[PDB]
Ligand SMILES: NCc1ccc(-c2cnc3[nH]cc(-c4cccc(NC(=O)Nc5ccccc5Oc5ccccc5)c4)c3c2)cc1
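As structure tokens, one chain now follows by itself in the form deposited without the ligand.
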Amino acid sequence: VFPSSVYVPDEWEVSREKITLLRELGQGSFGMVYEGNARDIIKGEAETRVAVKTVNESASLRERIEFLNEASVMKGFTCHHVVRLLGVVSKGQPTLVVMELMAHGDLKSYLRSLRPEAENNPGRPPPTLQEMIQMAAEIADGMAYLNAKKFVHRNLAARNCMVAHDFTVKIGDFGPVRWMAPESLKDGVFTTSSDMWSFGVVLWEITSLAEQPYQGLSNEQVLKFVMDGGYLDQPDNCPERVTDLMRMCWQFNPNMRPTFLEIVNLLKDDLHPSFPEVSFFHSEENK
């Protein structure tokens, strides 16, 4: 077994010289991710802020190929609520995969920065109900898109959601006992329905400002607790509407949980005016 390189140097190929790296953003599944700038990568803008993925130096040839193969797959995604591919540098080493930059980082980090005791509090109040409903809809929309494209996330969590410069939340990377559905923990079965369970946990993270799920329980205890039918307690003074969403996501029977499109449908009337203009839900592709 050995993967063939499916990436085709096409319109997505970007000359290395157009990419300038500024700083490290953190380790990605394949290697260090950097914040950078790209010259003339998007029609209409002289330079674009970007995130640049690289592959570990210790990576095998096979892994380097898998890295590029994932980039090729991303050429087919065009959702506003899923972090998008902008370009690829496959000529020579190191291989670079250029993505749109999410200036505010992962959702977990962002949430924890809004905590009152946060040493890096931006001086802004925690998410309002309105902002939470908006985040829920954006995340659900991105997930609905992946589901339409026939992809199961398997790792949805606040740490894997990203926040843009205008605070739009998007699905980040994807191919964690505290985020897994009981059926997944029991039979290793992953579906869009188990993704829904994880979505509920993300809502819980949003309403608790990223507290650790089931804090106090070992991974061992969580495994039994969840498979026994137990679920997370509602965070203090959690908005009733978000609590209702969580409860739907945590139905023991996966068949009883809502779909991501149904989540967006439930929230559609309470979103920013721009939502219908950018969502998968309101696009002609949602059929």
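Don't overthink the numbering: it's just position in the shown sequence, from 1.
Heads up, the form solved in complex with the ligand isn't pictured, but that's what we're talking about next.
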Result of superposing the ligand in the deposited complex onto shown chain, 2.4 Å backbone or C-beta criterion: blocked
Contact check in the deposited complex: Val33, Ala51 and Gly105 versus the ligand, with a cutoff of 4.5 Å between any heavy atoms. Do all three pass? yes
Within 4.5 Å, heavy atoms only, one stretch in 23-31, 37-45, 226-234, 258-266 touches the ligand in the deposited complex. Which? 23-31
The ligand contact in the deposited complex: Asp173, any heavy atom under 4.5 Å: yes
Though only this chain appears here, would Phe190 touch the ligand in the deposited complex if you measure heavy atom gaps against 4.5 Å? no
Does any heavy atom of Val201 come within 4.5 Å of a heavy atom of the ligand in the deposited complex? no
Considering only heavy atoms, tell me if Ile139 and the ligand come within 4.5 Å of each other in the deposited complex. no
Report the residue, out of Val82, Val89, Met196, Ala210, that has at least one non-hydrogen atom within 4.5 angstroms of the ligand in the deposited complex. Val82
